[PDB]
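Here you'll find one protein chain in two forms, each presented separately as structure tokens under the names structure 1 and structure 2.
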Structure 1
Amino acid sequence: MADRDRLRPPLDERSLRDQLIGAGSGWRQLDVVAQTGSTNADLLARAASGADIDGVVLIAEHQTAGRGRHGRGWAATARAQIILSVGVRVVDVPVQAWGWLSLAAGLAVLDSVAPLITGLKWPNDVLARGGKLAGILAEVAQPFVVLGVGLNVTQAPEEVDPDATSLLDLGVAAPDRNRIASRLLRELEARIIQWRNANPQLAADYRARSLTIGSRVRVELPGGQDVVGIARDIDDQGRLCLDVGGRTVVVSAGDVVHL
């Protein structure tokens, strides 16, 4: 932790940039900032001021007031995660269901760390060995969605959440955050393209990495309510379809427990 903090090199923005260039990337802007309250908040604020955030990438070394979903938090220490948000214009034509972007983002994270090391837990989680390796948050601000990823690279669970894990804690020796980050951006770009095009590979690939689909689950709803059943599928809006004795309960978000 003290030990870890002293062995976490900064990102090399110029090298991230070079990788996007060499690759002919369609990302329109890439910035790394030392610290911010929330990258998601930052891109939403740009959009709100009339900036075109489509294809804008914002990476923060440190994030001091991270957002989870529905009012929960996201914790970090400096240089220990890849903390990034991207803008996506969603009002195209033929309009696709923006609820799939968060799923596409998880998928891209898992594909980016596959070379080094389990799967996607709906709605927001990337798990490895049952621990939370990454969290995904998509926020709509028509005509945009801001899509956020917190990926634990060397972050220790004692620094952020007892149920967290990281690439380092999974046994990856000296993870190269630059190379992972560049790979992540390549895969996010690829999945957003599939999403726009209504390409079926997206949902097929998500299924192939899904921990939730096919599981006995409890869906937990406000008011201490719950519904227990089988996570039958994810629908074309990105929502979980729970089979309860033949009847379908479709939930758009919120908490899901694998039993």
Structure 2
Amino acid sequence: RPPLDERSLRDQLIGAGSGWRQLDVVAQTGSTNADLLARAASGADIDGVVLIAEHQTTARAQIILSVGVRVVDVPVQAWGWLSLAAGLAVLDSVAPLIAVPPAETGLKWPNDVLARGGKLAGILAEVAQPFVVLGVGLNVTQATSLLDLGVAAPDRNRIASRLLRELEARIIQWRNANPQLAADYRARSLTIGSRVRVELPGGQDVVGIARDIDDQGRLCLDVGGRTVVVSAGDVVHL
């Protein structure tokens, strides 16, 4: 598997009106999210900073990265939309490469990108006020993978540039409260309109039809005409 070309990525992604300020690829680390968080704790401005790892403790079989996002300027109740924005960015980046009908892939609320029912990518947001660290893990040649979906020799450098472009685009929409973000999300949602079970602490299930995602990124269920909104956590598609 060819390596990521850090210099090419910088040349492409860093520039006057670009959102990205810094980009680094490391051979190995434990967790890119932990590293950006620890950079934040030590006083660095991590807004628009990108950290990509070839392997987190098979190397080069994924794209694994974290980006920093300053959130303190955005109402706190909107911060839940960042993980959603990131999933959409990921899907949009890879949907054109895969040999499966658009129908058929999409976003499983809150944190997963699916394709033919298998997990293609996952998003993890973690907060470090005034920042959020957004982590992305995309399955390239590893659940499913680009390879398993028909991409015979995925170009990880091109895919990384696409992903980061899309991520910046959606982060801008999010910062600007652009209603197009949520519209584009719902259009690619596998959860909305589906019957779902939410398994709650204490062996309490709630079963209903997912009707919407609210302005805080929460899942709105219809339970026999009553609305139940659930905070971020796993949900089971029925």
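Just so we're on the same page, residue numbers count up from 1 along structure 1's sequence. Just so we're on the same page, rigid core means the largest C-alpha set that superposes within 1.5 Å between forms.
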item	value
Rigid core superposition, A97 Cα moves 2 angstroms or more between the two structures	no
Core-fitted comparison between the two structures - CA shift at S252, Å	1.3
Rigid core superposed, the C-alpha shift at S25 between the two structures in Å	2.8
